[PDB]
Every structure is written in structure tokens, then in C-alpha cells.
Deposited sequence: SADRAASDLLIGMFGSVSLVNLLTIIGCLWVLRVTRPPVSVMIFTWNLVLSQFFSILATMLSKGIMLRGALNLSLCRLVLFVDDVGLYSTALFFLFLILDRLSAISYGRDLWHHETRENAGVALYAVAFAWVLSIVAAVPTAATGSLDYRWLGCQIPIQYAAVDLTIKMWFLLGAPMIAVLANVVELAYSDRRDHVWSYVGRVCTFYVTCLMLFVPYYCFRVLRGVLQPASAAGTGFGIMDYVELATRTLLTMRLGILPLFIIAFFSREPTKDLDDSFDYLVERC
């Protein structure tokens, strides 16, 4: 049982680091308001922060950091539901933020004085849809969650792993990145192309990061149904599970990366003026 305590400490350390990172993003977003951002960006970025907080909070309860002993089936289903709600919302919020910025930057209207009320209305309507769709997509998982017996956490049973991977694959990489690739391909041959490749390079490394964090875990879960103390098959499950947990500290860093055309330059101006007078 010594390995279980070590795994509990490692997950808790990652989450505490991730929680500090999220608070830094919240503070960074707060000081970025001086460089007037469009309401569309503000709606998407703030909803991303809320979704990340839900995923971080539910992940620790899923790993049983402090709820060991009281983790029944009712709590296991509720925790797994909240985790996927943040998991699904982040994919949709990032997809809409990328699409909003790709269209805005390409047409040359990405500043505060370049957006209308209708632009803000679409962002609010898109955010409301993404929240509701995430709840609906996470309903099947709330009716199939079960306790973990190798470890002391919460995880969907292996018999539903194939269905779980299919929903996750479409929601995280199937739909969001086919739509992004279709838009980029059309954007690559258009006249509104010169000032979009800096942003396109950011969305390429973002989906690669998402690809290398989500694929190893769910693919292994499906494969464990035929591959059959702890053994080698149990430590690799933990090894591929922490990679999923590291998304709580890497994804929040991409909120600023998609904030504007050159966030690293606007942030310096905002911070320099913040420390000078206000």
C-alpha cells in the first residue's frame, strides 16, 4: 500500500502546482484588461477558467485525495460527471476561441474597437451551447461510473472503455480539430493569409499537446480488456493516468497563448504600465 500513498502524493502535488498555475492565469487575465480586449475574448477566456477549475476540483476527488473511505457509487458517479463536464467544455471553449480569433485576425478586425454587439452575442450564445452540450455528453458517464479496485480512485469500468474513448476522441480531437483544419486549409489559399501564420503555429502545437496527453490513457484503457500486488500492467496505467492529470497545468497556459495575435508582447506592455502608475 506504500505505492498507493506515493501515487496519492504525486497527484496531489501536481494539482497543487496546477491550482497555483490557474490562479496565475486568473491574475494574468485580470492585468490584461488594460489592453482592451474584445468582449468575445473575455467571454471565452473567463468561461475557460471556470471549466479548468471544475476539472481541477473534480480530478482530486476522483483520485481520492481526501475522500477515501467515503467514496461510494453515488459520489463516484457525481465526481466523474463533473470531471468530464470540465473536460468536454474545455475542448469546445478552446475550439470556439481559436475559430473566433482566426476569423478576427485574418480579416484585420481583432481589437476592441473592431467588434460589434453581434460579435459579443455570438460568443455568449456559443458559450451557453458548449456548457449545455458538455452536460449532455457527460450524462452517459454519470450513469456508468464505478469504484476503482486496483487503486483507491474513481474510474469508468473497462467494459465501457470502448464507448468512453469514442466520445472522448470525437469531442477532444475528432470534431474540434477537423473544423479547425478545414478553416485553416481554406485560410491558407486566401488573400487574408499574411498575418495568420503566427496564430496557426500556436493552434498546431496546442492540438499536438492535447493529442499526446489524452490518447495514451484512453487507448490503453481499451487495450487493457484484451491484454489482461501491482504488476507491470498496473504501473503503466498509473503512468498513463498522470499524463492526463498534467493537462490541468498545461492547458491553462494556452488560454493566454490564444488571447490575441501576440500575447507575449501585449502582456509586457500591460505589466510594465501596471507597475508604473496603475
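Missing from the model, relative to the deposited sequence, is only the range 229 to 235.
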